[PDB]
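What follows is the content of data-v9.txt (compact mmCIF, C-alpha atoms and all ligand atoms).
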```txt
# COMPACT_ATOMS: atom_id res chain seq x y z
CA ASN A 31 133.34 90.65 -22.07
CA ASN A 32 134.04 87.91 -19.42
CA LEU A 33 135.00 85.05 -21.77
CA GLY A 34 138.36 84.01 -20.24
CA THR A 35 140.12 84.68 -23.59
CA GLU A 36 141.31 88.31 -23.22
CA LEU A 37 144.91 89.36 -23.19
CA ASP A 38 146.67 89.85 -19.88
CA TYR A 39 148.73 93.03 -19.70
CA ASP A 40 150.75 91.90 -16.65
CA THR A 41 152.12 88.92 -18.60
CA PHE A 42 155.39 89.58 -20.45
CA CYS A 43 156.76 87.17 -23.01
CA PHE A 44 160.42 87.52 -23.98
CA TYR A 45 160.70 87.91 -27.74
CA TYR A 46 163.74 87.76 -30.01
CA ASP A 47 163.85 89.61 -33.35
CA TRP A 48 167.30 88.42 -34.46
CA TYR A 49 166.27 85.75 -37.00
CA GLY A 50 167.00 86.24 -40.66
CA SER A 51 166.45 84.64 -44.03
CA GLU A 52 168.68 84.85 -47.08
CA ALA A 53 165.80 86.37 -49.08
CA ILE A 54 164.90 89.18 -46.61
CA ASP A 55 168.13 89.70 -44.64
CA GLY A 56 170.88 88.37 -46.89
CA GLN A 57 171.75 85.53 -44.48
CA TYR A 58 169.78 83.00 -42.38
CA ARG A 59 170.77 85.08 -39.38
CA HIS A 60 170.76 83.24 -36.01
CA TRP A 61 169.54 80.02 -37.59
CA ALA A 62 173.25 79.96 -38.39
CA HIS A 63 175.24 80.42 -35.18
CA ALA A 64 178.72 79.87 -33.82
CA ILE A 65 179.20 76.94 -31.50
CA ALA A 66 180.59 78.16 -28.17
CA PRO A 67 183.89 76.69 -26.94
CA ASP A 68 183.80 74.92 -23.61
CA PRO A 69 184.92 77.51 -21.00
CA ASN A 70 186.51 74.64 -19.05
CA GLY A 71 187.89 72.78 -22.07
CA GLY A 72 191.33 74.26 -22.73
CA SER A 73 192.99 76.03 -25.65
CA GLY A 74 192.86 75.33 -29.36
CA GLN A 75 189.20 74.36 -29.61
CA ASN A 76 187.78 74.89 -33.08
CA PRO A 77 184.11 74.30 -32.20
CA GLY A 78 182.86 75.39 -35.59
CA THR A 79 179.49 76.76 -36.57
CA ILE A 80 175.95 75.62 -37.18
CA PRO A 81 175.35 76.63 -40.82
CA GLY A 82 171.62 77.45 -40.64
CA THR A 83 170.70 75.23 -43.54
CA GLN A 84 167.27 73.65 -43.66
CA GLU A 85 168.80 70.50 -42.21
CA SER A 86 171.03 72.10 -39.54
CA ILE A 87 169.79 75.05 -37.48
CA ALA A 88 170.97 76.49 -34.18
CA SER A 89 168.30 74.88 -32.02
CA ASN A 90 167.59 71.48 -30.53
CA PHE A 91 163.96 72.02 -31.71
CA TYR A 92 162.57 73.02 -35.10
CA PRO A 93 160.12 75.91 -35.72
CA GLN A 94 156.72 75.21 -37.25
CA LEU A 95 157.27 78.40 -39.26
CA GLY A 96 160.67 77.24 -40.55
CA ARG A 97 163.77 79.42 -40.85
CA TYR A 98 161.79 82.64 -40.66
CA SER A 99 162.82 86.27 -40.87
CA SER A 100 161.97 88.49 -37.90
CA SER A 101 161.47 91.26 -40.55
CA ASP A 102 158.85 89.32 -42.54
CA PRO A 103 155.51 91.11 -41.95
CA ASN A 104 153.66 87.86 -42.68
CA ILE A 105 155.62 86.01 -39.92
CA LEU A 106 154.94 88.89 -37.54
CA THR A 107 151.22 88.61 -38.20
CA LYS A 108 151.39 84.90 -37.29
CA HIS A 109 153.40 85.61 -34.16
CA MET A 110 150.80 88.15 -33.00
CA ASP A 111 148.05 85.59 -33.51
CA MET A 112 150.15 83.20 -31.38
CA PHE A 113 150.37 85.85 -28.63
CA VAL A 114 146.58 86.17 -28.81
CA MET A 115 146.23 82.37 -28.43
CA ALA A 116 148.61 82.42 -25.43
CA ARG A 117 146.83 85.45 -23.89
CA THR A 118 150.21 87.14 -23.38
CA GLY A 119 149.51 90.85 -23.68
CA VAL A 120 153.08 92.17 -23.59
CA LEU A 121 155.89 91.36 -26.02
CA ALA A 122 159.19 92.06 -24.21
CA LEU A 123 161.48 92.79 -27.17
CA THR A 124 165.20 92.07 -27.03
CA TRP A 125 167.08 95.29 -27.76
CA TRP A 126 170.72 95.30 -28.72
CA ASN A 127 171.29 98.92 -29.75
CA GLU A 128 172.44 97.93 -33.24
CA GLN A 129 171.95 101.53 -34.52
CA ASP A 130 171.14 100.41 -38.01
CA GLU A 131 168.26 100.86 -40.32
CA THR A 132 167.35 97.17 -40.32
CA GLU A 133 166.77 97.27 -36.53
CA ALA A 134 164.71 100.42 -36.83
CA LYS A 135 162.56 98.93 -39.58
CA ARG A 136 162.00 95.71 -37.67
CA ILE A 137 160.97 97.44 -34.44
CA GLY A 138 158.40 99.50 -36.37
CA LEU A 139 157.03 96.38 -38.06
CA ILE A 140 156.69 94.60 -34.71
CA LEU A 141 154.88 97.55 -33.14
CA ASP A 142 152.52 97.80 -36.13
CA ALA A 143 151.73 94.09 -36.11
CA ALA A 144 151.25 94.04 -32.34
CA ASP A 145 148.77 96.89 -32.46
CA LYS A 146 146.49 95.10 -34.91
CA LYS A 147 145.89 92.50 -32.14
CA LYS A 148 146.00 94.89 -29.14
CA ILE A 149 149.34 93.48 -28.02
CA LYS A 150 151.77 95.84 -26.30
CA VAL A 151 155.53 96.08 -26.64
CA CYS A 152 158.15 96.89 -24.03
CA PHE A 153 161.94 96.66 -24.34
CA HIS A 154 164.38 94.20 -22.82
CA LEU A 155 167.62 96.14 -22.67
CA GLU A 156 170.52 93.86 -23.44
CA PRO A 157 174.21 94.18 -22.45
CA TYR A 158 175.29 96.07 -25.55
CA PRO A 159 178.91 97.26 -25.89
CA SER A 160 179.96 99.89 -23.35
CA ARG A 161 176.48 99.97 -21.82
CA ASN A 162 176.46 102.45 -18.93
CA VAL A 163 173.88 104.62 -17.20
CA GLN A 164 174.54 107.65 -19.44
CA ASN A 165 174.02 105.86 -22.74
CA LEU A 166 171.15 103.91 -21.13
CA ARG A 167 169.45 107.21 -20.34
CA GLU A 168 170.07 108.39 -23.89
CA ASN A 169 168.64 105.15 -25.24
CA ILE A 170 165.58 105.26 -22.96
CA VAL A 171 164.97 108.84 -24.18
CA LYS A 172 165.40 107.64 -27.78
CA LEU A 173 163.03 104.73 -27.42
CA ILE A 174 160.36 106.75 -25.62
CA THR A 175 160.71 109.59 -28.16
CA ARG A 176 160.57 107.30 -31.20
CA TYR A 177 157.99 104.79 -30.00
CA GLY A 178 156.24 106.20 -26.92
CA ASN A 179 153.32 107.54 -28.92
CA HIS A 180 152.89 104.33 -30.89
CA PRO A 181 149.55 102.79 -29.81
CA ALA A 182 151.25 99.44 -29.07
CA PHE A 183 153.91 100.97 -26.75
CA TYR A 184 153.38 99.47 -23.27
CA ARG A 185 152.64 101.49 -20.14
CA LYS A 186 151.79 100.31 -16.64
CA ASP A 187 149.89 102.93 -14.61
CA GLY A 188 151.18 105.57 -16.99
CA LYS A 189 154.85 104.51 -17.04
CA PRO A 190 156.87 102.66 -19.63
CA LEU A 191 158.55 99.46 -18.38
CA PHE A 192 162.01 98.16 -19.20
CA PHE A 193 163.67 94.88 -18.27
CA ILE A 194 167.45 95.23 -17.84
CA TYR A 195 169.38 92.04 -18.54
CA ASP A 196 172.59 91.50 -16.53
CA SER A 197 171.90 94.69 -14.56
CA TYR A 198 174.58 93.47 -12.07
CA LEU A 199 177.22 94.37 -14.64
CA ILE A 200 176.58 97.99 -13.48
CA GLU A 201 177.37 99.15 -9.96
CA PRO A 202 174.55 100.37 -7.73
CA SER A 203 176.36 103.74 -7.36
CA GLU A 204 176.00 104.22 -11.14
CA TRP A 205 172.37 103.04 -11.17
CA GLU A 206 171.55 105.50 -8.37
CA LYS A 207 172.48 108.38 -10.69
CA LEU A 208 169.79 107.30 -13.12
CA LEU A 209 167.18 105.79 -10.83
CA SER A 210 167.17 107.68 -7.54
CA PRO A 211 164.91 110.76 -7.60
CA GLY A 212 168.05 112.70 -6.53
CA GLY A 213 170.36 111.13 -9.05
CA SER A 214 172.67 113.23 -11.17
CA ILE A 215 170.96 112.09 -14.38
CA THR A 216 167.68 110.96 -12.95
CA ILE A 217 164.71 109.88 -15.02
CA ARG A 218 162.39 110.26 -12.04
CA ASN A 219 159.80 113.02 -12.42
CA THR A 220 160.80 113.51 -16.06
CA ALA A 221 159.10 112.71 -19.34
CA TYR A 222 161.32 109.64 -19.50
CA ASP A 223 160.44 108.07 -16.16
CA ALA A 224 159.91 104.28 -16.38
CA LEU A 225 159.53 101.16 -14.29
CA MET A 226 163.04 99.67 -14.34
CA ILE A 227 163.10 95.93 -13.67
CA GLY A 228 166.54 94.53 -12.88
CA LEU A 229 167.80 90.97 -13.08
CA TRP A 230 167.88 89.27 -9.65
CA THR A 231 170.55 86.58 -9.92
CA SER A 232 172.20 85.40 -6.74
CA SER A 233 171.52 85.21 -2.99
CA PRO A 234 169.45 87.71 -0.95
CA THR A 235 172.50 88.87 0.94
CA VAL A 236 173.86 90.28 -2.34
CA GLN A 237 170.67 91.06 -4.27
CA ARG A 238 168.60 92.84 -1.60
CA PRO A 239 171.07 95.69 -1.07
CA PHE A 240 171.82 95.79 -4.80
CA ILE A 241 168.18 96.35 -5.74
CA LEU A 242 167.63 98.92 -2.97
CA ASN A 243 170.88 100.82 -3.57
CA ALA A 244 170.35 100.82 -7.34
CA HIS A 245 166.80 102.17 -6.99
CA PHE A 246 165.24 99.59 -9.32
CA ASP A 247 161.47 99.55 -9.31
CA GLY A 248 161.42 95.77 -9.42
CA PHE A 249 163.17 92.62 -10.47
CA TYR A 250 162.86 89.57 -12.70
CA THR A 251 164.73 86.28 -12.85
CA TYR A 252 164.85 85.36 -16.60
CA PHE A 253 166.35 81.88 -16.58
CA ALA A 254 163.99 79.14 -17.71
CA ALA A 255 166.13 76.42 -16.07
CA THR A 256 165.11 75.87 -12.46
CA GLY A 257 168.03 76.10 -10.06
CA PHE A 258 170.37 77.83 -12.52
CA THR A 259 170.51 80.77 -10.10
CA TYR A 260 169.02 81.47 -6.68
CA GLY A 261 166.53 83.72 -8.47
CA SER A 262 165.48 81.00 -10.89
CA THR A 263 164.84 78.51 -8.06
CA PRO A 264 161.06 78.68 -7.64
CA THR A 265 161.01 77.55 -4.00
CA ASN A 266 162.57 81.01 -3.29
CA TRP A 267 159.75 82.92 -4.92
CA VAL A 268 157.44 83.22 -1.87
CA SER A 269 160.23 84.82 0.15
CA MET A 270 161.37 87.00 -2.78
CA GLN A 271 157.80 88.28 -3.15
CA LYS A 272 157.56 88.96 0.61
CA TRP A 273 160.72 91.05 0.43
CA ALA A 274 159.47 92.82 -2.68
CA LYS A 275 156.19 93.75 -1.00
CA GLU A 276 157.98 94.96 2.17
CA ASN A 277 160.26 97.20 0.05
CA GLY A 278 157.80 98.57 -2.52
CA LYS A 279 159.32 96.57 -5.41
CA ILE A 280 157.63 94.74 -8.29
CA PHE A 281 158.65 91.09 -8.58
CA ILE A 282 158.13 89.61 -12.03
CA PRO A 283 159.30 85.99 -11.81
CA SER A 284 160.25 84.32 -15.08
CA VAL A 285 158.73 80.94 -15.99
CA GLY A 286 159.59 78.71 -18.89
CA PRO A 287 158.67 75.39 -20.44
CA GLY A 288 162.14 73.78 -20.43
CA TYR A 289 165.74 74.48 -21.37
CA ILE A 290 168.26 72.93 -23.75
CA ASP A 291 171.05 74.69 -25.62
CA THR A 292 173.41 71.87 -26.51
CA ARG A 293 173.47 72.50 -30.30
CA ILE A 294 175.20 75.83 -29.61
CA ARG A 295 176.77 74.88 -26.22
CA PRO A 296 177.51 71.14 -26.38
CA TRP A 297 179.26 71.27 -22.99
CA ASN A 298 176.25 72.82 -21.22
CA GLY A 299 174.15 69.71 -20.70
CA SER A 300 173.86 70.18 -16.93
CA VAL A 301 171.43 73.06 -17.60
CA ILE A 302 169.02 70.83 -19.58
CA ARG A 303 165.52 70.80 -18.13
CA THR A 304 163.18 68.28 -19.78
CA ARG A 305 159.70 69.42 -20.82
CA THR A 306 157.93 66.18 -19.80
CA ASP A 307 154.87 66.84 -21.99
CA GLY A 308 154.23 70.13 -20.24
CA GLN A 309 154.66 69.06 -16.64
CA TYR A 310 157.80 71.18 -16.17
CA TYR A 311 156.00 74.30 -17.44
CA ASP A 312 153.00 73.61 -15.27
CA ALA A 313 155.10 73.23 -12.17
CA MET A 314 157.02 76.47 -12.74
CA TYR A 315 153.96 78.55 -13.67
CA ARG A 316 152.08 77.23 -10.64
CA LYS A 317 154.97 78.33 -8.35
CA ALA A 318 154.87 81.84 -9.80
CA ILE A 319 151.14 82.14 -9.24
CA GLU A 320 151.35 80.66 -5.73
CA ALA A 321 153.96 83.26 -4.81
CA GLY A 322 151.23 85.91 -5.15
CA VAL A 323 152.99 88.15 -7.63
CA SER A 324 151.38 90.95 -9.67
CA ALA A 325 153.11 90.18 -12.96
CA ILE A 326 154.78 87.19 -14.61
CA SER A 327 157.34 86.96 -17.38
CA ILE A 328 157.74 84.02 -19.79
CA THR A 329 161.15 82.80 -20.98
CA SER A 330 160.52 82.65 -23.89
CA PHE A 331 158.41 83.16 -26.96
CA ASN A 332 161.20 82.24 -29.35
CA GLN A 333 164.67 81.82 -27.82
CA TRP A 334 165.17 78.77 -30.04
CA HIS A 335 168.88 78.46 -29.27
CA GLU A 336 168.11 77.82 -25.62
CA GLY A 337 165.08 75.58 -26.07
CA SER A 338 162.91 77.78 -23.88
CA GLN A 339 160.43 78.72 -26.62
CA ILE A 340 156.65 78.38 -26.40
CA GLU A 341 156.41 79.13 -30.14
CA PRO A 342 155.13 76.07 -32.08
CA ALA A 343 157.72 73.43 -32.96
CA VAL A 344 157.30 70.42 -35.23
CA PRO A 345 158.88 67.00 -35.46
CA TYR A 346 161.80 66.95 -37.88
CA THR A 347 164.59 64.56 -38.68
CA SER A 348 167.10 65.67 -41.27
CA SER A 349 170.26 64.01 -42.54
CA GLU A 350 172.20 66.24 -40.13
CA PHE A 351 170.22 66.16 -36.85
CA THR A 352 167.25 64.54 -35.17
CA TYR A 353 165.39 67.43 -33.53
CA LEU A 354 163.47 67.32 -30.30
CA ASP A 355 159.76 68.13 -30.52
CA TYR A 356 156.68 68.55 -28.34
CA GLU A 357 156.36 64.79 -28.12
CA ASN A 358 152.86 63.74 -27.06
CA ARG A 359 151.64 67.30 -27.37
CA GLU A 360 150.59 69.19 -30.50
CA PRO A 361 152.77 72.04 -31.90
CA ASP A 362 150.57 74.76 -30.31
CA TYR A 363 150.32 73.09 -26.91
CA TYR A 364 152.59 75.57 -25.18
CA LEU A 365 150.54 78.47 -26.52
CA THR A 366 147.27 77.01 -25.29
CA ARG A 367 148.81 75.91 -21.98
CA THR A 368 150.08 79.46 -21.51
CA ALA A 369 146.49 80.65 -21.94
CA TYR A 370 145.40 78.20 -19.25
CA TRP A 371 147.99 79.59 -16.83
CA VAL A 372 147.17 83.21 -17.67
CA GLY A 373 143.61 82.35 -16.65
CA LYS A 374 144.78 80.88 -13.34
CA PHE A 375 146.99 83.95 -12.81
CA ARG A 376 144.05 86.30 -13.42
CA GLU A 377 141.88 84.29 -11.08
CA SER A 378 144.60 85.03 -8.42
CA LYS A 379 144.87 88.82 -9.11
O1 LIG B 401 167.68 88.18 -23.55
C1 LIG B 401 168.65 88.06 -22.49
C2 LIG B 401 169.65 86.92 -22.78
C3 LIG B 401 168.85 85.63 -22.82
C4 LIG B 401 169.41 84.52 -23.61
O2 LIG B 401 169.39 84.80 -25.02
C5 LIG B 401 170.68 84.66 -24.36
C6 LIG B 401 171.43 85.99 -24.27
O3 LIG B 401 172.11 86.18 -25.52
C7 LIG B 401 173.33 85.44 -25.63
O4 LIG B 401 173.15 84.09 -26.03
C8 LIG B 401 172.57 83.87 -27.34
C9 LIG B 401 172.55 82.36 -27.56
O5 LIG B 401 171.52 81.71 -26.84
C10 LIG B 401 173.46 84.52 -28.40
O6 LIG B 401 172.83 84.39 -29.68
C11 LIG B 401 173.63 86.01 -28.06
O7 LIG B 401 174.51 86.62 -29.01
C12 LIG B 401 174.21 86.15 -26.64
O8 LIG B 401 174.35 87.50 -26.27
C13 LIG B 401 170.50 87.16 -24.03
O9 LIG B 401 171.34 88.31 -23.84
```
I'd like the structure from this file rewritten - as structure tokens, please.
Amino acid sequence: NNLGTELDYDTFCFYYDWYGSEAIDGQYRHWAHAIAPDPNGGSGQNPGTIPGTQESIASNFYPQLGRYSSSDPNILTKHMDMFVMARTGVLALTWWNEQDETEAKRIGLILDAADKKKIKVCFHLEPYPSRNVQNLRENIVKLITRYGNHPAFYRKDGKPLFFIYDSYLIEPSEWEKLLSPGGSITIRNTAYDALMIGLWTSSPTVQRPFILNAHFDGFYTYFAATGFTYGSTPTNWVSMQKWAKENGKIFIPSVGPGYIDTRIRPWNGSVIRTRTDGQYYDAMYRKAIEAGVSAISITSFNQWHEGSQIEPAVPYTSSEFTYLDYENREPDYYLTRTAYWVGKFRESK
């Protein structure tokens, strides 16, 4: 078929599976969330918590699906249909190494639901406690062993792909042990080889040698807020892509529709980026495509705390908060606008 509706398997949408309901999970997990103290605001702050009631959730927006559970198979079905509408072929699943049966169950449910719609799943390896290259290797082996034969498990030219958040928290000399073909605990040329995509944060003078010396296969930028980092400043993307191409690296810039996290971080208003009825998203996605990259990542499907989600949101005013909403656009606008941009990206490939 040549209908302009098919999934794109070089488009990665960051997905969060940490939401709970009292009925399914015992608590409205993540809809309830601690409010962060101001890191510049002195001692003795008692910032409190967002209780995750119907009226007061840990987002500046409000989900069309309500306070859902990430373990509810019927929600997962709906999410996969939303991925199909957006044309995003890869679900990049947050992974926190919780080592509990509820995590294991949820990952299996997500893989199962994804496969029904031909969506693929890769893992976004988070900064879990004591993360290091040895336990990362062990965890990569675990994930490939457990899920590598699942039909929804993502591969690119035969290799799994992982995104590594805050990869700068680990020295390049440690990464080399895992990621150089000569490394002490290498994955290269093993059953557990993978494309390892690190987080490019700051300036080229720091990041270029980091990425080379760490032996990452590529890099992504994550932040939905333009200008938050050098890497999330889209006017740098042409030159970042040029460097990537010259050095055999895969650049996967991250684009998002906006940013706002002031329910959970009231002091963080400088990071707000307004959606302007889609114009912000359009501008960022256009910059990614113009940079001539081979793959794009989307921040986010459903990071509701940070207001970067493309998942449908609805107008809501409760006694406790007046939520933001998609304004002049319909709840599914960011899904269908994603599909538009995936088409323009494919036209460019
Ligand atoms: O997925 C990578 C990274 C993106 C963004 O979700 C944050 C971050 O998690 C931190 O912040 C959220 C609040 O927005 C907290 O709920 C998490 O506990 C915290 O780790 C995430 O690592």
Neighbour list for residue 54 of chain A as a list in words, cut-off 10 Å, all atoms listed in the file, skip fewer than 5 positions in-chain = residues 98, 99, 100, 101 and 102 of chain A
query = What residues have any atom no more than 10 Å from ligand LIG 401 (chain B) when counting all atoms listed in the file, and can you list them as a PyMOL selection string?
reply = chain A and resi 44-46+48-49+59-66+88-89+122-126+154-158+193-196+229+252-254+290-291+294-295+329-330+332-338
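Going from atom CA of residue 317 of chain A over to atom CA of residue 239 of chain A, you cover 24.8 Å.
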Neighbours of point (157.4, 61.6, -29.5) within 12 Å, using all atoms listed in the file, written as a PyMOL selection string = chain A and resi 305-307+344-346+352-361
query = How would you write as number ranges by chain the residues that get within 12 Å of (163.2, 98.2, -28.5) in the file's frame, counting all atoms listed in the file?
reply = A: 44-47, 121-129, 133-141, 150-156, 169-178, 183-184, 190-194
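Nearest-residue note for residue 117 of chain A: choosing from A:287, A:34, A:103, A:72, the minimum distance belongs to A:34, counting all atoms listed in the file.
Atom CA of residue 292 of chain A is found 19.8 Å from atom CA of residue 262 of chain A.
Residue nearest residue 180 of chain A within the list A:130, A:85, A:52, A:142: A:142 [criterion: smallest interatomic distance, only C-alpha atoms].
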message = as a count of residues only, please: the residues near segment 267-269 of chain A (cut-off 12 Å, only C-alpha atoms, same-chain neighbours under 6 positions excluded).
response = 29
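Taking atom CA of residue 188 of chain A and atom CA of residue 219 of chain A as the two end points, the separation is 12.3 Å.
Minimum atom-to-atom distances from A:221, A:186, A:201, A:37 to residue 280 of chain A were compared using only C-alpha atoms, and the lowest value belongs to A:186.
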